[PDB]
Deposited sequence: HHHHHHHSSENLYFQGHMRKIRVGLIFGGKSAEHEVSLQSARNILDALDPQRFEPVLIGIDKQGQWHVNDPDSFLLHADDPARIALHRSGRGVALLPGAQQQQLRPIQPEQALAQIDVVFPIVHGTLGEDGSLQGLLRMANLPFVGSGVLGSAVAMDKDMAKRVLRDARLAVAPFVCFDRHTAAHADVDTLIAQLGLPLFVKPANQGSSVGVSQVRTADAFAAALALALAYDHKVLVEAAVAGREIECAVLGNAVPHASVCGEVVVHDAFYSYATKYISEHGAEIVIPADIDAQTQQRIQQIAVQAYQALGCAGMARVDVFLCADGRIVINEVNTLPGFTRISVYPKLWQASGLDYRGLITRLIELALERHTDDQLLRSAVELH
């Protein structure tokens, strides 16, 4: 009867500490009538550690010092195993029935961890391989959004083989100034540059390319910053909207009608990229206002102060209840998948 939730958290990421806090928040909200937690922390070097609920954090109550307890209790995965897929090197680890992965950084978000979890036959919360891979690659994501006739910022994408040939002038004639230079990998916020003059571009292009093999160059979008939370698998729902002021305001100070059409856009974007479980969608609401999609994010924050849970809160969905729904959604997909993976 009780479901065992393997929480996998942290990771090699600038947002590592956000994942620690999220795990602690999730762990306090998990309905203890339905779920027992099992905890696997991933350190800043990518090493996996089992921990007990009680003792998994160092300096828990200090945001400047908070760290993972690197217990050194290692984990082995048995690919193609059907039970006890997760194993202690050295013990026994509780059977995991569903994984809630909140690993920030490339591997935790780009589909790679999701593919490990599939290979271990583990149900798991959030987008599968494809939705995660596509969303995380801002170039592919915008192309799939574009084809779906949703608006995204006009943009050009360079690799290192192709950046050598960049002509600023032609870029400015096509996209204008300022230009936002971004590495295509979504995680996170690093290597970005707002280029104001044609002359600051080379340096932006070069910084970005230290982070990914692909760098986007985007035209400016002028307008307000709205964020909307999406939940579900086949029939996704949308939360109320929140406006980023510059500091988030929930619900947003916009028309009921405008909210509805951003809600609808958030859902169509989510379907087009093949997301499941959860995403936060970030749009620009122009003066017209066309709605232009900035980002589809398949790993939102789950702290008490994070936007995604705040948006569900303001929509009548409580934090405990959010978490429970994410788990039911993971188990529903899994058992639907189960039936499908029957070839001859």
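Quick one: where does the model skip the deposited sequence?
Deposited residues absent from the model fall in 1 to 18, 109 to 110, 267 to 283, 382 to 384.
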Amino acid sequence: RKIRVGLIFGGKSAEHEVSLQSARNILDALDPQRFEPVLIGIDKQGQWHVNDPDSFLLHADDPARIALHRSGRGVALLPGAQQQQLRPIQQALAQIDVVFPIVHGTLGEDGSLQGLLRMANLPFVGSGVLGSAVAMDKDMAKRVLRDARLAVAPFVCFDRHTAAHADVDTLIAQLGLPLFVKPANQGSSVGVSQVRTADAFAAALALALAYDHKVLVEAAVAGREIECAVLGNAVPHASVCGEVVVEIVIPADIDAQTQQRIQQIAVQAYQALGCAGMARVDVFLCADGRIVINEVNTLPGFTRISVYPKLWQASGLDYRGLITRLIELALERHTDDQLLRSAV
From here on, numbers count along this sequence of modelled residues.
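Mind pulling up the entry and telling me whether 274 to 282 or 310 to 318 has the higher mean Cα temperature factor?
Mean C-alpha B-factor is greater for 310 to 318.
Mind pulling up the entry and telling me whether 182 to 190 or 115 to 123 has the higher mean Cα temperature factor?
Comparing 182 to 190 with 115 to 123, the higher average CA B-factor belongs to 182 to 190.
From the list 106, 268, 90, 233, select the residue with the highest C-alpha B factor recorded in the entry.
Reading the PDB entry, the winner on C-alpha B-factor is 90.
Highest Cα B-factor in the deposition, which of 218, 255, 147, 137?
Each of 218, 255, 147, 137 was compared by C-alpha B-factor; the highest is 255.
Ranked against its chain, the third holding the CA B-factor of residue 2:
For residue 2, the deposited C-alpha B-factor lands in the highest third.
Could you tell me which third, lowest, middle or highest, the C-alpha B-factor of residue 51 occupies within its chain?
Tercile = middle for this residue's CA B-factor.
Should residue 293 be placed in the lowest, middle or highest third of its chain by the C-alpha B factor in the entry?
According to the entry, residue 293 has a C-alpha B-factor in the chain's lowest third.
CA B-factor placement of residue 25, once the chain's modelled residues are sorted into thirds:
For residue 25, whose C-alpha B-factor we compare with every modelled residue in the chain, the answer is the middle third.
Against its chain's modelled residues, does residue 229's Cα B factor rank lowest, middle or highest third?
It falls in the bottom third of the chain.
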